[PDB]
Amino acid sequence: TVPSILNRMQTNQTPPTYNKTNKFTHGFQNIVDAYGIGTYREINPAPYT
Amino acid sequence: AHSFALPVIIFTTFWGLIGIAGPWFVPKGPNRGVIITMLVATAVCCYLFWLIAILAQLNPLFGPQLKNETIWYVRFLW
Amino acid sequence: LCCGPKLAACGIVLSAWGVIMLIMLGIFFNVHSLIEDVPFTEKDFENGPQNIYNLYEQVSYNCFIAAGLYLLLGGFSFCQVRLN
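What counts, and where the lines are drawn
- Residues numbered from 1 in each chain as written, not as in the entry; some residues may be left out.
- Chains lettered and ligands numbered in written order.
- Part of a larger assembly, values for the part shown.
- Heavy atoms only, no water.
- Residues with missing side-chain atoms left out of burial classes, pairs and counts.
- Helix = DSSP H or I, 4+ residues; strand = E, 2+ residues; numbered from the N terminus.
- Contact = heavy atoms within 4.5 Å.
- Nonpolar A, V, L, I, M, F, W, Y, C, P; charged D, E, K, R; others polar.
- UniProt positions renumbered as here; feature names shortened; annotations may be inferred.
- Axes fitted to C-alpha atoms, helices over the stretch in contact; angles between N-to-C directions.
- Parallel < 35°, antiparallel > 145°, perpendicular 65-115°, else oblique.
- Left-handed = near helix turned anticlockwise from the far one by under 90°.
- Polar contact = N/O pair within 3.5 Å; in protein donor to acceptor, adjacent residues only side chain to side chain.
- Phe/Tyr/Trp six-rings, centres within 6.5 Å; stacked < 30°, edge-to-face > 60°.

- For this deposited structure, the header cites cryo-EM as the method used and 3.9 Å as the resolution.

Laid out in structure tokens, this is it:
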């Protein structure tokens, strides 16, 4: 039972782009990703796609 | 015979309520943001396309060119 | 005959689509006795609009005949998939 504490660091490297998708929206996100992965905190075009 | 005003009233109300009132009646689940986006985008895209189709047919400059047998058939059909 | 269930399945889809299209088309010809306006009219056309109605009735009958063949095709193809 080690405390196992995960502590946030001054994030300062480029983080990955995580878009939550489901059974419906995943396909639309992929055809967007096919062109490229959006900038961190970029406006996701998929909800309009 | 048709007027233009009435089509506009009926379809503008139809698509308006969908894009305007629709978002008011949405579940609180994780898809709420997606459902609202779709409701509005759909109503705007569909309404605009139709509105173009109907407006483009106002104040026509010319009518159709029909074949003689076609012209006859219509005379005794409509 | 088996013929392969992949091809019998295709026949079922073609047969179902055909029956739907042929019935609907035959109705349209019978109602507007029309947009298609291709019933193969005579060149010696007289002042008898009833002649055009009669032509469409013939076209409609032919449409239902074709549908009947698709109904028979769907039946056969159906049993092939069930047996395969």
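1. What about the overall build of chain A?
Then comes step 1: Across its full length, chain A holds 1 helix and 0 strands.
Then comes step 2: The dimensions of chain A, computed from C-alpha atoms along their principal axes, are 45 × 25 × 15 Å.

2. A short note on the overall build of chain C
Then comes step 1: Helix and strand counts for chain C stand at 2 helices and 0 strands.
Then comes step 2: With respect to the three principal axes, the spread of C-alpha positions in chain C is 60 × 20 × 15 Å.

3. Thoughts on the interface of chain A and chain B
Where the parts come together, the accessible area they lose is often given as the size of the interface.
Then comes step 1: Of the residues lining the interface, 5 residues belong to chain A; the matching set on chain B comes to 4 residues.
Then comes step 2: Per-class residue counts for the side of chain A that touches chain B are 3 nonpolar, 2 polar and no charged.

4. Topic: the UniProt feature "transmembrane region" (unreviewed entry) in chain C
Then comes step 1: UniProt annotation of "transmembrane region" (unreviewed entry) refers to residues 8-29 and 59-83 of chain C when read in the numbering used here.
Then comes step 2: With 100% helix and 0% strand, residues 59-83 of chain C has end C-alpha atoms that lie 37 Å from one another.

5. Some thoughts on unusual backbone geometry
Residue and element names in this part refer to chain A.
Then comes step 1: With a phi close to 50 degrees, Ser4 is a non-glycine residue in the positive phi region.
Then comes step 2: Considering the arrangement of structural elements, one finds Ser4 in the segment before α1 (25-33).
Then comes step 3: Notably, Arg41 is not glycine yet its phi reads approximately 60 degrees, a positive angle.

6. A word on the packing of helix α1 (residues 5-20) of chain B against helix α2 (residues 32-55) of chain B
If you want to describe how two helices pack, look at the angle between their axes and the distance between the axes.
All names here are of chain B.
Then comes step 1: At a closest axis distance of 8 Å, the pairing of α1 and α2 adopts a crossing angle of 165 degrees. Taken together, the axis directions place α1 and α2 in an arrangement best described as roughly antiparallel. Remark: the crossing between α1 and α2 carries left-handed chirality. Within the contact between the two elements, α1 uses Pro7, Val8, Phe11, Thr12, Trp15, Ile18 and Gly19 and α2 uses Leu39, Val40, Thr42, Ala43, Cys46, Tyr47, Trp50 and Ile54.
Then comes step 2: Here the residues of the contact of α1 with α2 sort into 12 nonpolar, 3 polar and no charged.

7. Quick look at the packing of helix α1 (residues 5-31) of chain C against helix α2 (residues 50-83) of chain C
All names here are of chain C.
Then comes step 1: Their axes nearest at 8 Å, the elements α1 and α2 cross at an angle of 160 degrees. In terms of axis orientation, α1 runs roughly antiparallel to α2. Crossing of α1 against α2: the hand is left-handed.
Then comes step 2: Looking at the contact of α1 with α2, its residues break down into 17 nonpolar, 9 polar and no charged.

8. A word on the arrangement of the chains
Then comes step 1: Among 2 pairs of chains with at least one contact, chains B and C form the most extensive contact set.
Then comes step 2: Taking C-alpha atoms only, the smallest gap left between chain A and chain C, which are not in contact, amounts to 27 Å.

9. Description of the side chain of A:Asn44
All names here are of chain A.
Then comes step 1: Here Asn44 is to be found in the segment after α1.
Then comes step 2: A polar contact is formed between the side chain of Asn44 and the side chain of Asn19, at a distance of 2.7 Å.
Then comes step 3: Here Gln29 takes part through its side chain, which lies 2.8 Å from a polar atom of the side chain of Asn44.

10. Description of the packing of aromatic side chains
Any two aromatic rings considered together are summarised by their centre-to-centre distance and by the angle between their planes.
Then comes step 1: Consider the rings of B:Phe14 and B:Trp15, whose centres lie 4.9 Å apart with planes at 75 degrees: the pair is edge-to-face.
Then comes step 2: The interplanar angle of 80 degrees and the centroid separation of 5.2 Å between the aromatic rings of B:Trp72 and C:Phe45 together place this pair among those described as edge-to-face. In this pair, B:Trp72 is assigned in helix α3 (residues 68-75) and C:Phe45 in the loop between α1 and α2, connecting two distinct chains.
Then comes step 3: Through pairs of rings, three or more aromatic residues link up here, namely B:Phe11, B:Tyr47 and B:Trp50.

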